[PDB]
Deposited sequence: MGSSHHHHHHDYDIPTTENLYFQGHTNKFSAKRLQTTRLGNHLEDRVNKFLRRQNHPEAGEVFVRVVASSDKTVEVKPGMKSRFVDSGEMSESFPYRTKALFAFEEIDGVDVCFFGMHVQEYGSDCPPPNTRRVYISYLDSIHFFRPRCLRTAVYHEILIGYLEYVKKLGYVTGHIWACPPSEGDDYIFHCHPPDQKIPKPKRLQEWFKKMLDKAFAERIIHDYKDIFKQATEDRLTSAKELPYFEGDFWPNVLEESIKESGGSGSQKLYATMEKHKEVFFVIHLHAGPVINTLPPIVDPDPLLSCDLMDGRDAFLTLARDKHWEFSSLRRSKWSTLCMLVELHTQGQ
């Protein structure tokens, strides 16, 4: 059987799944089926400091030439009409306790995407928020300290993870998306999971940032390219602050631990093994496969069959 339930379980996936399904059992809605959360890819990578920042800070010995990270792809499936429907996907980057500064003990959400067929609709957002809260709660427990989110909707007609969204699935503008993250993080705060969250500009000020080399440097994040442009343009710190302030509302810095307890945390050890899966190594592979195979997520029926196809591929990549 090629169900989503039969995809390999992990501590991470199970923690998210248990959180979602406990939330759903506290709601009085008949329609809500059981949710499965599966980590489907997990591999170790490095992000290299791009040439401008490398010449300024790596060649002078002020900044590590690259940063190691674990990246993971996870997906959420709902039983709908007795048949799995993938409705949520997310990629994360995790910079562990051995990672050189400035990235040490930080997580970054590379990408998040969704297809709006969760039943019931009135619980869809709450379920997305619970998946994200669960993720923060989980990496906090392993000893990560700071999480990072860039609230950036896709360009028009573009897809982050799932090929071909429904035509009536509206795409939030950045303001709506910031507010969506604030509501999620406000709930995380109320549950005493996160200590605080701040926009990037306020955080940099309180951190007394004076050099671009102090900014966490993540793969595909906004800031590495900003820094490459400012070096081609040629007080780098004064510009950086002006850019951070200008876009501050869209960059979230989330603190999972605060205060002197940070100084006591043991090494971070991922209890889950790595999972080799070329299909879900980054976003382009699955997007390409679906485009070529005409797997769309644009109606419930097409999402059902595309989920079936995605599941058969994930179960047999290792055959």
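The deposited sequence has C-alpha coordinates everywhere except the stretches 1-27, 262-263.
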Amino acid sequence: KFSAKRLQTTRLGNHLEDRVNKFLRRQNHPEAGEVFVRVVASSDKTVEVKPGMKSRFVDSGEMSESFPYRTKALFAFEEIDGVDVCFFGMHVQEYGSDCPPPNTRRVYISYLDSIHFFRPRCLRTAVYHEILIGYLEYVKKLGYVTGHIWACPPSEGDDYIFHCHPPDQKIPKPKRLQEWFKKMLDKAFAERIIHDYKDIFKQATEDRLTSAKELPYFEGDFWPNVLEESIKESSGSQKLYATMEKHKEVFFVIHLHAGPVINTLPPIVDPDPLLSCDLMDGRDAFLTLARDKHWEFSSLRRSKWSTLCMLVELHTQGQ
From here on, numbers count along this sequence of modelled residues.
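Relative to one another, 235-243 and 164-172 have unequal mean CA B-factors, and 235-243 is the one with the higher figure.
Annotation for 174-182 versus 224-232: the higher mean temperature factor (C-alpha) is found in 224-232. Among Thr210, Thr71, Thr146, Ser97, the highest C-alpha B-factor recorded in the PDB entry belongs to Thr210. Note on the listed residues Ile268, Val250, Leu274, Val261: the highest Cα temperature factor in the record is that of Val261. In this PDB entry, the Cα temperature factor of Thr10 sits in the top third of its chain's modelled residues, the highest group. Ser60: CA B factor lies in the highest third for its chain, per the PDB record. For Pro102, the recorded CA B-factor ranks within the lowest third of the chain. Only modelled residues enter the ranking. Residue-level temperature factors show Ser298 in the middle third of its chain, judged at the C-alpha atom. Per the deposited record, the Cα B-factor of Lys22 falls in the lowest third when ranked against the other modelled residues of its chain.
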